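Enquirer: Before anything else, here's the structure in question.
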Amino acid sequence: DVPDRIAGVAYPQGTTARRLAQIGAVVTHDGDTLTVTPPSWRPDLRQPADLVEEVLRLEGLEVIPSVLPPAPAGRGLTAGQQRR
Amino acid sequence: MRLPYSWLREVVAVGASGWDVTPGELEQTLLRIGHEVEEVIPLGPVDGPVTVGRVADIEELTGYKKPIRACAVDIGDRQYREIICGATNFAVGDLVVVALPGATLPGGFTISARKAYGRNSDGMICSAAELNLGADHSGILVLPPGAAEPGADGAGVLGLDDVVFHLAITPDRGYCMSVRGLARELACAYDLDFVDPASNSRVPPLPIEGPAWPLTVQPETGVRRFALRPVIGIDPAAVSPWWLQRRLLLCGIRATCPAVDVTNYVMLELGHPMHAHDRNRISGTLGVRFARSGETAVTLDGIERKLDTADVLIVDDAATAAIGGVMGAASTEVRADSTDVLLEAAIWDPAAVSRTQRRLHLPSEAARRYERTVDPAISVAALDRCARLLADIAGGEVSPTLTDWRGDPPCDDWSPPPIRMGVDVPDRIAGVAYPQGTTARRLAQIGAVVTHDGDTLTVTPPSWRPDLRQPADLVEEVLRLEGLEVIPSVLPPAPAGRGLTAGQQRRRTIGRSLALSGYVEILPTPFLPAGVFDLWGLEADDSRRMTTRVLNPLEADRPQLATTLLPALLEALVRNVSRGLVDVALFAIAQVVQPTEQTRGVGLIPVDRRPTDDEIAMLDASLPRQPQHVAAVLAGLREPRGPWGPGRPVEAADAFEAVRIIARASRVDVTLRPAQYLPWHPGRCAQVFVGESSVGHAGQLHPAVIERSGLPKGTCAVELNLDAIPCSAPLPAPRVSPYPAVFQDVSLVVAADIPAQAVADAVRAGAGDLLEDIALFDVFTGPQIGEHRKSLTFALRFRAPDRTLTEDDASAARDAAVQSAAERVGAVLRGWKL
């Protein structure tokens, strides 16, 4: 479900496995942990971040919501920034 | 409220014997739980010979100013010293307190044998002030007979190892206006067992065999309990024991006789005010009733009060006995010859007493406690406590008669309604996980009845706590007893703010922009000067005169609110000028108050719901218009003297330039048109338009306003209504042509009455896009052009967007511009140049 986290979307079950199969990878399951051997024409697929972008682009980025994050109490501008 | 530590300690000690703590610690425990310690006075120390004396002989010394007394004083061991004293409040046979030679009084005073007024004085007789025992009143301290034999150690008899805590109780905590309340607080802080000094074990009930006096009570007065008991045949010459006169003195109350003193004492001990009536001076039935329009009573102090139909009274067939809850009256006051006493123990309506006492300016010790609600459950106990004590001191007997009106029908349970709260709600609100059962134990400690029901507490607070009415009230109890210091410092997640608004930014930029140009901001007063508009000569119907008026100003002559900011600006200008700062430019940015009708107020809207959108708009429409204004004044020099030259005195043009500064800061374009408007000079006053809306005025002040107002010659001013300057957010996209430019200077003659900007606009209109810039250079008058005409020389800069402008192309545009000025303001060409 790492693609789900990063997108902030709950994709329908098995999405992430089907899409990694579609690009031609070998997906094997192991509880909550996928093992993904990408195919030979995809040397750009080397970490989970690479796998995330695959799932996310195939489902569409438009389905990702617009959620403002809790940003902490900032200190605002510094003295030198104010001076300029 | 003052009280002394020994007493406070005595009452805590009943239930936690051996309790004792440094004053510093006590001060800190009091602050930690909510009570402001204004001041800690340990009773000023004495050293050496400060002993009780007995006055044995008084010799009135004649010939001087005051009456002076050379007093033989028995100081112990049959030793008699003569002592000089100025006071008069003592007689032969009285125990006084003497500081003999070698003594040292508070404040670093050594006493020495000093010749004075013709005799030797071996010390002096002290006042309670000079001992740092109590407040300075006139004369010395006299002790009740039998308090101490002569020679006794003053420090011991006076108890000067005591400390007086002076507290500023908050109005929610009336129950702490007594040794009873504070004792309970301290017992709660220190997790001590508490004996209530108003419990039956500590005040056994006196008998109840028949009514003590006839009493009618009109119950819409607000009285919740009204009890009477009499004490008969008391010695009127008896005085109060030293211990009791003392604790009154430390608490701020001067003793007078046992009848009064006992009530003041029991008021301090339990918080329930009391009063003593001379029963033989009561005529017939005692009546509680409202006062009538125009009614009058004389209170104890012999001063006539004008009463109000909301003041509750106690009356009899003859006259008024008491403005209930505030002060007794003369008619039933205890006097020197009073043998039979009737003791009033009442509970008045808090809001009633508050209203009455504020109106009459009588914040009596009784009033201030009734304002904050007195524990109605202890009236008879305080009445009984107070009756026994009186008989005990002044030697009468306590009749077993008792009146005790408790409402119609009688109230038999004074407990408030139960409050219902989740067991851990205190934990939420504090952000602390308190140890299990904390919340229940602390609510028990303050005296509430706590019953559990899963995760939901049911809490019936006690009768002396009418401030405990919702869970928020219960939270503050738990949180203050555990300490607020244990609450952590956690920054909350605050959401994406939008930052400042356009108008908020515009005020900042107007402030920077004016300040840079030499203006000094003031904080204008909203309270106008007296008759400023009569000074300005404003017509009677001048809208600025229609002022919202304040009903209680700190200056009776200055009650109107500013409809214009120039008054306060001009006032500050006067101040700088009178202190030698003659070259000033001030400005202010603040709202004015312009009302649209006569002061119409909207009545109350229930606070258990939120008001409707309509109730808001009605509330808003009820208030005067309050637009933001910016305004400014200038006087003296605008450019100062220097090596560059003599300087430039302020001129009306500088006030127009103030307009242009604010307009540049506001990113809007303004036009200035001539205008007549006070307080401005008619020939030098401009009205400011953004588009076609008036936003205010600028110019030099009228010379006659200047003169009547004691203002500097030549003062200029400006006021703009910011609310009338619209928002603007330009997204400019300037066309920046690189091709060369043609410079031509044209001179136009026009009627003197034509404004320069009119001729400039006409020239721009006629010349079209090629004209890049136009600027006025010269303005010339002379005979040869006509006595009523003038010559305007403009500097024109033409530039094409796509080509190198020919110089015929330019003169085409010039000719076109000259023709436009001919058709629009009748310009005549004087000539042109490059």
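To be explicit about the labels: the chains of the structure tokens are called A, B, and onward in the order shown, and within each one the residues are counted from 1, while ligands get numbers from 1 in the order they are shown.
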Could you work out which residues of chain B fall inside 12 Å of chain A? Count only C-alpha atoms, and format the result as a ChimeraX atom specification.

Expert: /B:490-497,499

Enquirer: May I have all residues of range 346-379 of chain B that DSSP, computed from the backbone, assigns to helix (DSSP H, G or I), given as a PyMOL selection string?

Expert: chain B and resi 350-360+365-371+376-379

Enquirer: Chain A: which residues are strand (DSSP E or B) by DSSP, as a list in words?

Expert: residues 26, 27, 28, 35, 36 and 37 of chain A

Enquirer: Using only C-alpha atoms, find the one residue out of A:10, A:42, A:5, A:18 that sits nearest to residue 55 in chain A.

Expert: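 Smallest separation from residue 55 in chain A among the options: A:18.
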
Enquirer: For residue 257 in chain B, work out the shell of residues within 7 Å, counting only C-alpha atoms and skipping chain neighbours fewer than 2 positions away, then give it as a list in words.

Expert: residues 239, 240, 255, 259, 260 and 261 of chain B
